[PDB]
Amino acid sequence: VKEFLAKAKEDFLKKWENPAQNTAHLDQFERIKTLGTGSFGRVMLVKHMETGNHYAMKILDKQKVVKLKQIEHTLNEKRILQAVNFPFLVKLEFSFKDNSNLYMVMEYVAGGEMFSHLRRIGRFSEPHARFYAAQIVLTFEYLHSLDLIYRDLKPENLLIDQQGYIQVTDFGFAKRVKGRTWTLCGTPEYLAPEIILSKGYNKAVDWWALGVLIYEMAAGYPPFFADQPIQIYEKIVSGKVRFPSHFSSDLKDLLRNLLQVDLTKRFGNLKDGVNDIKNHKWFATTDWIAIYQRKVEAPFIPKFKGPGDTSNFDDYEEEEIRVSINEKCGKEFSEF
Amino acid sequence: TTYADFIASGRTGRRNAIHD
Ligand SMILES: CNCCNS(=O)(=O)c1cccc2cnccc12
């Protein structure tokens, strides 16, 4: 592991310093269907006409990115994504830009969001949830080791692949930072107390978010929920959590340590780092190496009928792609 | 039950991230 990561850091650093640029054109792909939507764009299932391969192309409208002040975060997303490589992270295949937009072509993950399956199903059994959690544990260990913070863990950002394994997408808030950071980022339900309290934070927020994930998967709902974000923020800083009556003891205690308001008592941020988590009783049966190798028994395989099948995804109105006669935000995105 | 309360709540769909 330490040995593995050491090699890993070397590869990441090479790419970090020398990021790739404009590795394709819009006209090499065939736009097929929107798989998901956002604020400054949408993700489309596309087909590389020369190869016959399918990918998920994220399209960002430069003006909306600027209007929303997300330039640096956008630069971070692409720079980080092209440099990382782990089994549970989406692969960025190509990236390019044009007069109007920024494009990130990634590997198409056919299984759909964890969110949609969790919703339909209700809740996952502890064993099922642990299968998923362990993958996020290995991913954060990999990411943090590279001085990166993810900052947006939630079911919507976890995709299930053909093998029933996880693929973490959406690196729009990911940041390589040595030391504290201050941006108010993320999704309300998953926000750490330090973030809502505007105090400057680190990696420990990723470990709080993990606690929120495991809990939502196992119970079917988030530990703190209300109808408006402020009511949620209130609950989070309250430092009070109620556990469903079906949570195992090992789970109630793993969760009490992950959802530790006091980040000097929060697992993942302690003396033994991630080991405090891997060595926890709830994970006693987990064979970390086996999971990393994907040689484990996936409890559920979403099944898709042939390539390009998008039935595990929701339908969205097709907003049409427009590209200006004039370059739009040249200097802001020159490194893209 | 909490589950019922969550189901009747306004935040059961896909949650958007907060920027500014
Ligand atoms: C909103 N959470 C993103 C999940 N879906 S998405 O369309 O944005 C999406 C984003 C990035 C890669 C994907 C790969 N396959 C399918 C969808 C992908």
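Participant: I tried to follow the interface of chain A and chain B on my own but got confused; where do I start?
Facilitator: For interface size, the figure often reported is the accessible area lost on association. Tallying the contact residues gives 31 residues for chain A and 16 residues for chain B. When chain A packs against chain B, the two sides together hide about 1900 Å² of surface, and 55% of this comes from carbon and sulfur. For the chain A face of the interface with chain B, the top three residues by lost area are A:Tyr221, A:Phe225 and A:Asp227, together amounting to 23%. Where chain A packs against chain B, one counts 6 salt bridges. Its salt-bridge partner being B:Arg11, residue A:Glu189 comes within 2.7 Å of it at the nearest N-O pair. Among the secondary structure elements, those contributing two or more residues to the side of chain A that touches chain B are α4 (114-121) and α8 (229-238) of chain A. Considering each element in turn, the side of chain A that touches chain B owes the most residues, 3 residues, to α8(A). For the side of chain A that touches chain B, the per-class residue count stands at 17 nonpolar, 4 polar and 10 charged.

Participant: Any chance you could explain the packing of aromatic side chains here in plain terms?
Facilitator: Aromatic rings considered in pairs are described by the distance between their centres and by the relative angle of their planes. Residue and element names in this part refer to chain A. Scanning the entire structure with this criterion turns up 28 aromatic pairs over all chains. Measuring from ring centre to ring centre gives 6.0 Å for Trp208 and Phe224, while their planes differ by 10 degrees; the resulting arrangement is stacked. Pair noted here: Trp208 is in helix α7 (residues 204-219) and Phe224 is in the loop between α7 and α8, with a separation of 16 residues, a long-range link. On the basis of relative accessible area, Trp208 is assigned to the buried category, the value being 1%. When its relative accessible area of 2% is taken as the criterion, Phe224 is described as buried. Consider the rings of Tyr215 and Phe243, whose centres lie 6.0 Å apart with planes at 40 degrees: the pair is tilted. Pair noted here: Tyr215 is in helix α7 and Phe243 is in the loop between α8 and α9 (249-258), with a separation of 28 residues, a long-range link. The structure contains a cluster of three or more aromatic residues connected by ring pairs, namely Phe4, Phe86, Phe88, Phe124, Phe131, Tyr132, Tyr142, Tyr165 and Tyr292. The ring centre of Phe336 lies 5.4 Å from the NZ or CZ of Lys78, which sits over that ring. Against the face of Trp16 rests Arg176, its NZ or CZ located 5.5 Å from the ring centre.

Participant: I tried to follow the packing of helix α1 (residues 2-17) of chain A against helix α3 (residues 71-83) of chain A on my own but got confused; where do I start?
Facilitator: A pair of packed helices can be characterised by two numbers: the angle between their axes and the separation between those axes. All names here are of chain A. Between α1 and α3, the shortest axis-to-axis distance is 8 Å and the interhelical angle comes to 135 degrees. In terms of orientation, α1 lies oblique with respect to α3. Remark: the crossing between α1 and α3 carries right-handed chirality. When α1 is examined against α3, the residues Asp11, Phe12, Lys15, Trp16 and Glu17 are found in contact with a partner set consisting of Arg79, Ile80, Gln82 and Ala83. Looking at the contact of α1 with α3, its residues break down into 4 nonpolar, 1 polar and 4 charged.

What counts as what
Residues numbered from 1 in each chain as written, not as in the entry; some residues may be left out. Chains lettered and ligands numbered in written order. Heavy atoms only, no water. Contact = heavy atoms within 4.5 Å. Buried area = accessible area lost by both parts, 1.4 Å probe. Salt bridge = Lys/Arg side-chain N within 4 Å of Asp/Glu carboxyl O. Helix = DSSP H or I, 4+ residues; strand = E, 2+ residues; numbered from the N terminus. Nonpolar A, V, L, I, M, F, W, Y, C, P; charged D, E, K, R; others polar. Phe/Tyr/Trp six-rings, centres within 6.5 Å; stacked < 30°, edge-to-face > 60°. Buried < 20%, exposed > 50% of the residue type's maximum accessible area, 1.4 Å probe, protein only. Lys NZ or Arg CZ within 6 Å of the ring centre and 35° of its normal. Axes fitted to C-alpha atoms, helices over the stretch in contact; angles between N-to-C directions. Parallel < 35°, antiparallel > 145°, perpendicular 65-115°, else oblique. Left-handed = near helix turned anticlockwise from the far one by under 90°.

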